[PDB]
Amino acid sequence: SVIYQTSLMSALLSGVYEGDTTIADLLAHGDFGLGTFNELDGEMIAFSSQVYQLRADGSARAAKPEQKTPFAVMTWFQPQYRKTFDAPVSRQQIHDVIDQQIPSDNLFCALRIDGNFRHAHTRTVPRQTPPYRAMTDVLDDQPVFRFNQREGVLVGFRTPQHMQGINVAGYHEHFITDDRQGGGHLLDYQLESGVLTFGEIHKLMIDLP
């Protein structure tokens, strides 16, 4: 049970938008994860060994193995816990449940939700052309996508505070709809109903750029 990542989140935010790790490589390190693609071309989400690309123009595609990534986090998902939510529940309330069960911040968590989302807000980063700006300074218009009563899959990690530059500290969740056509990096959501699985991980492996 091992968190694998390609490159550093510090390195990404710095404008290092290309890397030589392939989707082929990713799937050798996990069946489960998230990240982005070279040239910052969309959001990556992965589960059950399926890897999807979520792009600005709302389109979506299964990823090609040869496609490359400048940042991704993978594991072999092995949840320890199941929660059934039969009434609406906020993203933060979800996190309160997991935080209460796995209170140490010095571990990783991985978590999946299958369910109906009452509300979901994503961003999906647009493809960038060189020379690369810092991500906080993407001059390109990038909208907040909104989903209401949409069935979908959520994939996420909770990363220790003290690893802020290495990975995304705290909760980092990606989302894709049932039809596998929309989603992205989640900014907030409310679950109408669904099934949560999660667990702790305490091994970290980094391929450096």
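Residues carry their position along the shown sequence, with the first being 1.
Averaged over their C-alpha atoms, the temperature factors of 43-51 and 140-148 are higher for 140-148.
The stretch with the higher mean CA B factor, choosing between 169-177 and 53-61, is 53-61. Ranking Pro88, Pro79, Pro103, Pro131 by the C-alpha B-factor listed in the PDB entry places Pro131 at the top. Per the PDB record, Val125 has a higher Cα B-factor than any other of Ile98, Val125, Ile113, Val73. Sort the modelled residues of the chain by CA B factor and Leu107 lands in the middle third. When the CA B factors of the chain's modelled residues are split into thirds, the value for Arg158 lands in the lowest one.
Sort the chain's modelled residues by C-alpha temperature factor and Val2 lands in the lowest third, per the entry. For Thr21, the recorded CA B-factor ranks within the highest third of the chain. Only modelled residues enter the ranking. Annotation for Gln190: C-alpha temperature factor in the middle third relative to the rest of the modelled chain, per the entry.
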